[PDB]
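Below sits a lone chain in structure tokens, taken as the form solved without the partner chain.
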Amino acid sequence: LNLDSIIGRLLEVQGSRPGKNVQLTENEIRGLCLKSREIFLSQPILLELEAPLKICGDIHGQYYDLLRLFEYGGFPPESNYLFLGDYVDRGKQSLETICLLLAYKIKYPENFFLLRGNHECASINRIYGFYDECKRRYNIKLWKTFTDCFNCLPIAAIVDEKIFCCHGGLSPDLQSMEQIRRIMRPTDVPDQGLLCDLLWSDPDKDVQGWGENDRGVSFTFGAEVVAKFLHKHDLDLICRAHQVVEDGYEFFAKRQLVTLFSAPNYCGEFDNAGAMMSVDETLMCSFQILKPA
């Protein structure tokens, strides 16, 4: 696997006119999935990461925006990175996006980390773009290969025993971190349960405790739920994504929770900026914003 050649071609369009595709071969992409799958399974499903680190929200196939994020935050291994999922769907270039992230995962397995989003699910990305992009630019068999790889992604991460990171949010079924560790891989995302909630649940200001989610999947949770969770597990901050926010980031429950969204001008239906949380060695969190003109 010539990883340097793959990364080189992916980064080659850095200074070129935006929009152009990077068409890797079927075997190169299949190799990325196979090796990354091995690393995902060798590493814990509940990651224990250390600062300094940069945390990113949804990317959603916006590959040239991802390059801009790296241009701002620093290309690996200059900075450590933790992505919160949703790399495919909605965007026009989900293939380039996931391939670079998988390549970086293989290239820097201890300084680059990728969490599973709700769009890293076969039932979901079948609908919102990734399947069509695979069928158009490659084949259906390759899409299934991506699925097998996505099923091995880690679900959550904890930074310096203080910052809990996941794609969606909390779960009514979550009393101990051990419940997360007990989740066996490879696995699909169920319509109900702990795993489902961690990728689908959302915070809600108008909800006392737990409520039904308007998505028809998982739940919503209020500020009190967040507070009780942090105190129980000796945490200070919940860091998640899953929802588009105008300023790229948005606090919840008196800065006890933050939502990150790193895809600016989200699929041409929003004028939102993208953001990224930089965490230094003293766990001081700063927000680097990628703002469209």
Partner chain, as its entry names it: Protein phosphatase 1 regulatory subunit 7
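What we label the rigid core is the largest C-alpha set whose atoms superpose within 1.5 Å from one form to the other. Positions refer to the first chain, counted from 1.
Missing here is the form deposited with the partner chain bound; even so, the following discussion is about that form.
Exercise: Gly129 in contact with the partner chain in the bound PDB entry, heavy atom 4.5 Å
Yes, contact at 4.5 Å.
Taking the partner chain as it sits in the bound PDB entry, is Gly91 in contact with it (heavy atom to heavy atom, 4.5 Å or less)?
Output for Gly91 is yes: heavy atoms within 4.5 Å of the partner chain.
Looking at the partner-bound form in the bound PDB entry, is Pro186 within 4.5 Å of the partner chain by any heavy atom?
Yes, contact at 4.5 Å.
I'd like to check something about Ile106: if you look in the bound PDB entry, is any of its heavy atoms closer than or equal to 4.5 Å to a heavy atom of the partner chain?
It does not: once the partner chain is placed as it appears in the bound PDB entry, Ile106 has no heavy atom within 4.5 Å of it.
Contacts with the partner chain in the bound PDB entry - residues in 265-291 whose heavy atoms fall within 4.5 Å:
Result: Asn265, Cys267, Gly268, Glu269, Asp271.
Shifts of 2 Å or more at the CA atom, core superposed, between this form and the one not shown: which of the listed residues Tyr72, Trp143, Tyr128, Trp210 is the one?
Shifted by 2 Å or more: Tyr128 only.
Any chance the CA of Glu269 moves 2 angstroms or more between this form and the one not shown, core superposed?
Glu269 C-alpha, core-superposed: shift of 2 Å or more.
Answer yes if the Cα of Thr25 shifts by 2 angstroms or more between this form and the one not shown on a rigid-core superposition, and no otherwise.
The answer is no, as the C-alpha of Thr25 shifts between this form and the one not shown by less than 2 Å after core alignment.
Please say whether, between this form and the one not shown, the C-alpha of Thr282 moves by 2 Å or more once the core is aligned.
The answer is no; the displacement is under 2 Å.
By 3 Å or more, the Cα spacing of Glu269 and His119 differs in the bound PDB entry; is it closer or farther than in this view?
Relative to this form, farther apart in the bound PDB entry.
By 3 Å or more, the Cα spacing of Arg126 and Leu198 differs in the bound PDB entry; is it closer or farther than in this view?
Residues converge in the bound PDB entry, at least 3 Å closer.
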